[PDB]
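See structure below.
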Amino acid sequence: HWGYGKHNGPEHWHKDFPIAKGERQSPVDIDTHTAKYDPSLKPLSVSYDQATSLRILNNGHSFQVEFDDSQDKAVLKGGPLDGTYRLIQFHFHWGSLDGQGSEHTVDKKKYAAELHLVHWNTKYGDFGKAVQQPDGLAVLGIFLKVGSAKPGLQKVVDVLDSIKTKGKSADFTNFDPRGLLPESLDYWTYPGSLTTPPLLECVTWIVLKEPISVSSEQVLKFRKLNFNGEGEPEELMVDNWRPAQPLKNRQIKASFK
Ligand SMILES: CCOc1ccc2nc(S(N)(=O)=O)sc2c1
Ligand SMILES: [Zn+2]
């Protein structure tokens with residue numbers, strides 16, 4: 001099975017998922033001086049006022065908060081997108097130390113963690129159909145830096161003990177993902193891929209310029225999760241991030257000057 005360990009980590013993924021060496025892989029380093037400002041880009045439109053969270057799950061390589069996506073409750077529109085994208089889940093990537101953890105980097109700077117809000121294009125009817133299409137997903141990426149606490153993240157931090165090992169889930173209702181957004185919605189965008197297997201090249205990435213702050217205590221609680229299932233040898237869930245991949249024939253666009 002693939003993972004983030006020495007014997008099954010990202011450098012090995014291509015043997016089972018040859019698209020790992022593809023032309024539009026993620027994540028990438030965002031070179032701020034080379035990104036192109038595009039005044040054609042629209043502001044993002046984040047519509048999360050009716051979101052309905054359902055569950056939180058330790059999937060063995062991250063934890064994810066899942067949402068009801070059977071109706072246009074929580075949607076993303078605008079920016080570089082065409083059409084309406086529904087929120088299905090968010091999850092994080094983080095490090096063993098505060099100096100690493102994010103997937104995207106900015107001028108080679110790593111952040112302590114990265115939040116992915118994953119949305120699928122409703123014109124494809126369901127998420128499994130959307131990931132086979134080059135415009136099927138839109139992922140909102142938010143960097144986390146260590147500093148002050150993020151009050152809106154604490155309900156998540158508080159339930160992690162319940163889902164410590166792989167395959168455990170818990171009811172997680174009435175969570176409002178608006179409390180995870182930064183103040184500004186300025187962004188970079190490029191065409192890319194899922195950053196875990198199957199690494200499909202179906203994602204429009206929208207990476208926010210402004211990080212959110214979280215406290216050292218909040219991130220430390222992430223690092224107490226386990227990659228293993230209950231009853232198995234304890235392996236702490238840390239450094240579940242992929243390297244920056246080559247940009248190849250892609251242009252990163254910025255919504256801001
Ligand atoms: C297709 C089975 O579900 C998947 C698989 C990988 C995957 N990676 C991301 S990420 N890290 O946001 O690029 S969301 C996601 C959903
Ligand atoms: Zn992710």
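The figures here come from the full heavy-atom set of this structure, side chains too, leaving out hydrogens, waters and symmetry mates. Every number for a ligand or one of its atoms is a count from 1 in the order of the listing. Position 1 is the first residue of the sequence, and the numbers go up from there.
Distances from atom 13 (O) of ligand 1 to the heavy atoms of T195, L117, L199, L115 put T195 nearest. Nearest to atom 8 (N) of ligand 1 by heavy-atom distance, out of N59, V118, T196, is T196.
The count of protein N, O or S atoms under 2.8 Å from the Zn ion (ligand 2) stands at 3, with waters excluded from the count.
Between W205 and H104, the distance separating the two ring centers is shorter than 6.0 angstrom. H93 has its ring centre less than 6.0 Å from the ring centre of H116. The distance between the ring centers of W94 and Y111 does not fall below 6.0 angstrom.
Taking every non-hydrogen atom of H93 and a distance limit under 4.0 Å, the qualifying atoms of ligand 1 come out as 11 (N). Atoms of ligand 1 lying under 4.0 Å from any heavy atom of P197, numbered from 1 in the order shown and given with element: 5 (C), 6 (C).
Criterion: ILVMFWY side-chain heavy atoms under 4.5 Å apart, direct or through other members. Under it, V157 and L225 are part of a common hydrophobic cluster. Hydrophobic clustering places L140 together with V65 (ILVMFWY residues linked when any side-chain heavy atoms are closer than 4.5 Å, directly or through intermediates). In the hydrophobic cluster analysis, where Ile, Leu, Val, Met, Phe, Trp and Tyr join through side-chain heavy atoms closer than 4.5 angstrom, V203 is grouped together with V118.
Contact annotation for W120 and ligand 1: no heavy atom of the residue comes within less than 4.0 Å of the ligand.
To the nearest 0.5 Å, the span separating OG on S62 from CH2 on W241 amounts to 15.0 Å.
Nearest non-hydrogen protein atom to atom 12 (O) of ligand 1 is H91 CE1, 3.3 Å. In terms of protein heavy-atom proximity, atom 15 (C) of ligand 1 is nearest to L194 CD2, 4.0 Å. Of all protein heavy atoms, the one closest to atom 1 (C) of ligand 1 is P198 CD, 3.8 Å. The protein heavy-atom contact nearest to atom 3 (O) of ligand 1 is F127 CE2, 4.0 Å.
Between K123 and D135 a salt bridge is recorded (basic side-chain N to carboxylate O distance below 4.0 Å). A salt bridge links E23 with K248: the closest approach of a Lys/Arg side-chain nitrogen to an acidic carboxylate oxygen falls below 4.0 angstrom.
Residue-ligand proximity: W205 is placed with a non-hydrogen atom under 4.0 Å from ligand 1.
When all heavy atoms of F222 and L153 are compared, the closest pair comes out as CZ-CD2, 4.4 Å.
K209 forms a cation-pi arrangement with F256, by the criterion of a distance under 6.0 Å to the ring centre and an angle within 45° of the ring axis.
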